[PDB]
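When you get a sec, could you give me coordinates for this:
(one chain, ligands or ions: 1)
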Amino acid sequence: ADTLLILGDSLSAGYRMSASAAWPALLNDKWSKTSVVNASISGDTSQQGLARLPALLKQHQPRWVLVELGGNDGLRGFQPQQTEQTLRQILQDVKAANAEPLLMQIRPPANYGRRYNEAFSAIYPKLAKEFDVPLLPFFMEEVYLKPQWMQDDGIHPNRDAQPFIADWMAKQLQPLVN
Ligand SMILES: CCCCCCCC(=O)O
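Numbers count the residues shown, from 1 in each chain. And now the structure:
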């Protein structure tokens with residue numbers, strides 16, 4: 001009866017595959033118990049996601065909102081401060097909508113500069129603490145350990161990987177959606 005809104009990028013929308021092939025669709029099929037609305041768009045930055053949020057909240061009135069954004073910010077001329085501030089507004093909107101925000105940790109490519117990487121990654125733990133919300137692990141950490149689940153670009157998970165990502169997310173979300 002309740003709805004879980006997913007606000008993410010290609011990792012949740014699916015890269016070079018249809019939405020129906022993406023793990024959130026498989027998760028929804030696994031759950032008439034809880035409705036999963038996948039509001040993810042490939043290439044979206046935290047800012048682009050924030051821009052769509054207001055309409056989505058008033059439209060779907062979700063109980064929980066999974067935030068999976070930031071991974072594109074670095075390649076789009078953004079500084080950790082900008083990303084942090086953008087995600088901060090996202091969490092604010094969610095709470096202000098009487099919904100529980102579920103933040104996912106994001107980690108940039110190993111080759112993006114320690115200076116930025118450690119600063120970027122630190123944004124999530126900080127925000128999770130600041131708002132006192134669940135901080136889910138970056139699901140891609142488990143996917144990297146299986147080349148057969150990665151597309152050529154070595155960045156996006158493939159079709160074969162979605163079913164596993166779906167079960168993994170179900171387990172992570174289970175205690176959070178009661
Ligand atoms: C190395 C992890 C960061 C990549 C996030 C993918 C972003 C997108 O395509 O929409």
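
which bits of this structure sit near the ligand?
With Cβ under 6 Å from any ligand atom as the criterion, the chain comes near the ligand at residues 9-11, 15, 42-43, 71-72, 108-109, 155. Quick note: C-beta positions are derived from backbone N, CA and C, even for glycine.

try 5 Å
9-10, 42-43, 71-72, 109 (Cβ under 5 Å from any ligand atom).

Helices of this structure, residue ranges please.
Along the chain, the segments classed as helices by DSSP state H run 10-13, 23-30, 46-60, 80-96, 114-131, 140-144, 162-173.

Pick the most buried one from the ones you listed.
Per residue and on average, the most neighbours among these fall to helix 10-13, with a mean of 23 (mean count of other Cβ atoms under 10 Å).

For residue 10, give its distance to residue 178.
Between residue 10 and residue 178 the computed distance is 29 Å (Cβ to Cβ, to the nearest Å).

so what's the nearest residue to residue 36 once chain neighbours are set aside up against?
In space, not counting the residues next to it along the chain, residue 36 is nearest to residue 28; the distance is 3.8 Å by Cβ to Cβ, 6 or more residues apart in numbering. With Cβ atoms under 8 Å, 6 or more residues apart in numbering as the criterion, the residues that contact residue 28 are 35-36, 38.

same thing but at 10 Å, please
Taking Cβ atoms under 10 Å, 6 or more residues apart in numbering, we find residue 28 in contact with 4, 6, 34-38, 166.

for residue 37, same thing?
If a contact means Cβ under 10 Å, 6+ apart, then residue 37 has 3-7, 24, 28, 56, 59-60, 62, 65 as its contacts.

among the residues of the chain next to the ligand, which ones are buried?
A residue is treated as buried here by neighbour count (16 or more other Cβ atoms under 10 Å); on that basis the buried members of these are 9-10, 71-72.

could you dump these to CSV with distance to residue 134?
Formatted as CSV, the entries for those read as follows, by distance: Cβ to Cβ, whole Å:
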residue, distance to residue 134
9, 19
10, 22
71, 19
72, 22
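
TSV for the helices of the chain, including distance to residue 104?
Written out in TSV, the entries for the helices of the chain read as follows (distance: least, Cβ to Cβ, whole Å):
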stretch	distance to residue 104
helix 10-13	9
helix 23-30	13
helix 46-60	12
helix 80-96	11
helix 114-131	8
helix 140-144	10
helix 162-173	9
